[PDB]
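Worksheet: one structure, shown below.
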Amino acid sequence: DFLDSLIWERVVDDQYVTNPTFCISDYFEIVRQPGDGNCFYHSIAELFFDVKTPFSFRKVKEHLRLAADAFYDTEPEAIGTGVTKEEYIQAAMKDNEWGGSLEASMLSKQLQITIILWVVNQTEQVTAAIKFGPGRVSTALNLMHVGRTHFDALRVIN
Amino acid sequence: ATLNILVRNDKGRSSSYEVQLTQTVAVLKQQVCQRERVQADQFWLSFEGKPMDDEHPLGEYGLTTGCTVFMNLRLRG
């Protein structure tokens, strides 16, 4: 199928990028998440857990604390930042604190899952996707990044 | 001895940049900010599977004429 036939460019380790151009709605269903600053963790929780509550995102952030302690110091996105592992963890653990690609990279390795962030413009057209982990699209946790400020969850249409 | 390298942007488009192997990655990131109209903290660069550190000269990554440096977005939402 279309999604599993995309060509992925390896960035570093198990991080890949691809730049197709298609409307996100033609292949995914959007599962909308609140704009409370936790949308990234909401979106992961929507797809990773079987039960969704307004506080499921906190279980994802518990895994993030374990992931950061084991992977932050070797994260390619965290080079040239000058922020230590301890400074990042307690700052990332605050309520309503945004997350994204750095958190996806570490959670991918902690949970042994593949996470894909689909970057979407205002026309709902894909401009880029970043895949964390070796899996394919149909088995990955697919998130939609809209307005460069928000994350929703995506489910592959059949 | 200036060098011509390609940078693949966040849309996957590649364009030429004139660099010196002795200049730091941070200087190359400044050139990418100027052309792509972005801020330096919004992306990091990689080459041949290795992240490029801001304070290191480009020569330390083995850049040659016609090679492609990847522009990788820092996403937050």
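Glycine also receives a Cβ, built like all others from the backbone with ideal geometry; neighbour counts cover every protein chain displayed. Every read-out reported here was derived from the displayed coordinates using simple, explicitly stated rules and does not represent laboratory data.
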Q: Towards the positive end of the charge dipole of chain A, with charges on Cβ (+1 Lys, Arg; -1 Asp, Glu), say which of A:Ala153, A:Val17, A:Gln110 has the farthest Cα.
A: A:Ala153
Q: Starting from the Cα of A:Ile157, step 7 Å toward the Cβ, then list every residue of region A:112-151 with an amide N under 15 Å from that point.
A: A:124-126
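Quick check on the exposure proxy: order A:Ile157, A:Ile89 from fewest to most C-beta atoms within 10 angstrom. Before the final figure, lay out the partial values.
Working: A:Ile157 10, A:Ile89 15.
Fewest-to-most Cβ neighbours within 10 Å comes out as A:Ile157, A:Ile89.
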Q: Could you state the angle between the C-alpha long axis of helix A:57-71 and the longest principal axis of the C-alpha atoms of chain A, as a value from 0 to 90 degrees rounded to the nearest 10?
A: 70 degrees
Q. Considering only DSSP beta bridges whose two residues both sit in chain B, what percent are antiparallel, to the nearest 5?
A. 80 percent
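At 0.890 mPa s and 25 °C, plugging the Kirkwood radius over alpha-carbon pairs of chain B into Stokes-Einstein gives what diffusion coefficient in µm²/s? It would help to have the intermediate numbers written out before the result.
Numbers: Rh = 12.3 Å.
In µm²/s, the coefficient is 199.
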Q) What dipole magnitude, in Debye to the nearest 20, does region A:72-158 give about its Cα centre under +1 on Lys/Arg Cβ and -1 on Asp/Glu Cβ? A) 400 debye
Q.
Suppose only helical runs count, i.e. DSSP H with n ≥ 4. What mean residue ellipticity at 222 nm does that imply for chain A under -39500 (n - 2.57) per run, divided by all residues and rounded to the nearest 500 deg cm²/dmol?
A. -8500 deg cm²/dmol
(Q) As a test, work out the antiparallel percent of DSSP beta bridges whose residues both lie in region A:45-158, rounded to the nearest 5. (A) 65 percent
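Average partner chain C-beta neighbours within 10 Å, per residue of B:22-34?
Details: counts 0, 0, 0, 2, 1, 0, 0, 1, 0, 0, 0, 0, 0.
Across the residues of B:22-34, the mean count of other-chain Cβ atoms within 10 Å is 0.
Could you work out the mean count of beta carbons from other protein chains within 10 Å of each residue's beta carbon in A:74-81? It would help to have the intermediate numbers written out before the result.
Details: counts 0, 1, 7, 7, 3, 8, 13, 4.
If you average over the peptide's residues, the count of other-chain Cβ atoms is 5.
When a/c is below 1.5 the answer is rounded, else prolate if a/b is larger than b/c, else oblate, so apply that to region A:1-130 with a ≥ b ≥ c taken from the square roots of the Cα gyration tensor eigenvalues. Spell out each step's value before the answer.
On the way: a/c = 1.87, a/b = 1.28, b/c = 1.47.
Since a/c reaches 1.5 but b/c is at least a/b, the shape of region A:1-130 is classed as oblate.
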**Q.** Most to least packed among A:76-86, A:15-25 [average Cβ atoms within 10 Å]
**A.** A:15-25, A:76-86
Q: Starting at the first residue of region A:138-152, write each ³J(HN,Hα) from the Karplus equation 6.51 cos²θ - 1.76 cosθ + 1.60 with θ = phi - 60°, in whole Hz, x for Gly and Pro.
A: 4, 9, 8, 8, 9, 10, 10, 9, 10, x, 6, 9, 8, 10, 10
Q | Given A:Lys59/A:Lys85; A:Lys61/B:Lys11; A:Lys52/A:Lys109; A:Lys52/B:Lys11, the pairs whose alpha carbons are separated by over 27 Å | A | A:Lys61/B:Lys11; A:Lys52/B:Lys11
(Q) With +1 assigned to the C-beta of every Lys and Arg and -1 to the C-beta of every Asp and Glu, and no other charges, what is the dipole magnitude of chain A about the Cα centre in debye, to the nearest 20? (A) 180 debye
